[PDB]
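Enquirer: coords below, sequence missing:
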């Protein structure tokens, strides 16, 4: 379950996480609708838009 960021996402907060394009993430889960993904990166853990990431 390794993923890569498709775009930069600036953390809006409410447990969201900033990711940079090209960065590697490890996904833990999705929220109720699957629009949001709980991810871990070298900088932390938190929610990111599901559509801003892809497997690698």
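Expert: Sure, I can see it. Numbering: from 1, shown residues only.
Enquirer: got the contact list for the residue nearest to the spatial centre of the chain?
Expert: Among the residues of the chain, the one closest to the centroid is residue 48, at 3.7 Å (C-alpha atoms, centre = their mean). Residues in contact with residue 48 (C-beta atoms under 8 Å, 6 or more residues apart in numbering) are 5, 9, 16-17, 19, 25, 36-37, 39. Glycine gets a C-beta too; all of them are placed from N, C-alpha and C.
Enquirer: What ranges does the protein have for its strands?
Expert: Chain-ordered strands for the chain, with DSSP state E as the definition, fall at 2-5, 24-30, 36-41, 44-49, 53-55.
Enquirer: quick one: the first one to chain centroid distance?
Expert: Computed by C-alpha atoms, centre = their mean, to the nearest Å, the separation of strand 2-5 from the middle of its chain amounts to 8 Å.
Enquirer: Direction included, what does it pair up with?
Expert: If you go by DSSP bridges, strand 2-5 pairs up with strand 24-30 (antiparallel), strand 53-55 (antiparallel).
Enquirer: Just put the ones you listed in CSV and tack on mean neighbour count.
Expert: Supplementary listing: these in CSV, determined by neighbours: other C-beta atoms under 10 Å:
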stretch, mean neighbour count
strand 24-30, 15
strand 53-55, 14
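Enquirer: any chance of the ones you listed in JSON lines, plus distance to residue 43?
Expert: As requested, these are arranged in JSON lines below (distance: least, C-beta to C-beta, whole Å):
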{"stretch": "strand 24-30", "distance to residue 43": "10"}
{"stretch": "strand 53-55", "distance to residue 43": "15"}
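Enquirer: Residue 44 is nearest to which of those?
Expert: Taking C-beta to C-beta, strand 24-30 is the member of the strands paired with strand 2-5 nearest to residue 44, at 10.6 Å.
Enquirer: contact partners of the closest one?
Expert: So strand 24-30 is in contact with 1-5, 19, 36-42, 45, 48, 50, 53, 56, going by C-beta under 8 Å, 6+ apart.
Enquirer: Drop anything exposed from those.
Expert: Neighbour-count burial (16 or more other C-beta atoms under 10 Å) is assigned, among those, to 3, 5, 19, 36-41, 48, 50, 53.
Enquirer: Since that was my last question, I'll sign off now.
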